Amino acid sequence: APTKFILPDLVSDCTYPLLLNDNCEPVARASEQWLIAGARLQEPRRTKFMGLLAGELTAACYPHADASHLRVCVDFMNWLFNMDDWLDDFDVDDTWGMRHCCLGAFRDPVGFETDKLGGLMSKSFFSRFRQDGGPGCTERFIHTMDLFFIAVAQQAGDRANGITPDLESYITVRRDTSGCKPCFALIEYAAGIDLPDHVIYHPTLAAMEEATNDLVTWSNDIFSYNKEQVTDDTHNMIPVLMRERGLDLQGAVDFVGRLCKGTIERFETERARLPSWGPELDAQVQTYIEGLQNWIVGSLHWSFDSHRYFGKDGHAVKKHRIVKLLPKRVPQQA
């Protein structure tokens, strides 16, 4: 039975420039207070939340957003991390109820009545989104949030059933529980563009999005395996692989690490394949894929600034790459 594992080196390979929005510090602090208020955070969660640093993630992923747009992005990211953590303790029925409240607020903030914190916060940041977002990325945001909730209901069912999914079913569902897709809609929003359907749904752009989704998500599976195995959460490629393929822990970890390198190569390979829709649209496409690039480098690095995955030891673990497994809530041999 293993007590630790070695992190694949994903950061030293990546040569994209790491940027940080000039508006980062005041917006991050303000959004921290918006979340504590909106989720009614109390200890212990409140202190854990102050080491999340989603505002600093968001500032690295949308480094050119103006202050108004950045704050909508950060509020969403704080809301998303809070929503994720809440839903880790929801059953299937209550997941659908939360889906109903939040999508109701996104689609009809004026007419949708609700007194739930999830939906109240949803109206707050999304009614600020709606002041500027184009109709295309508005609907991509709502539709991919819908996909998020549907997939997390499937995760909640697997958890209640004590199931570990098979690999090809996991990958399919995980692309939606990650939440990367609505973050992509925020790229458009925060850059002040609204890509046409025939551009955004072209297979090469769709493939670059997926490549980015997989990079962020499968690397998150590596970085977050430690906090997730505490409660034997199997919505993570590592236990999925271990069960399906008989891999031990480091074997599974290394297999996922290879997948991560391979998806950045996929991203660059499709980047070369991009067609041209003339100068104005080509320039908006470049802006969008730079946002996908910023998600790649930004998230990889932020995972070690946050307290969420490595506690206080983030910068230290970035250097020596050894992860000591946390104690399980219930011992494996209980």
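Note that residue numbering follows the sequence shown and begins at 1.
Between the stretches 87-95 and 105-113, it is 105-113 that shows the larger average CA temperature factor.
According to the PDB record, 1-9 carries the higher mean C-alpha B-factor of the two stretches 1-9 and 325-333. Set against one another, the Cα B-factors of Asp248, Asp158, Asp176, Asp146 in the record reach their highest point at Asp248.
If you compare the C-alpha temperature factors of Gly136, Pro182, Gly118, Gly262 in the entry, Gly262 comes out highest. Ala67 sits in the highest third of its chain by CA B factor, as recorded in the PDB entry. Residue-level temperature factors show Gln33 in the highest third of its chain, judged at the C-alpha atom. In this PDB entry, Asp232 carries a Cα temperature factor that places it within the middle third of its chain's modelled residues. Per-chain ranking of the deposited C-alpha B factor places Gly298 in the middle third. Per the PDB record, residue ranking by Cα B-factor puts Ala191 in the middle third of the chain.
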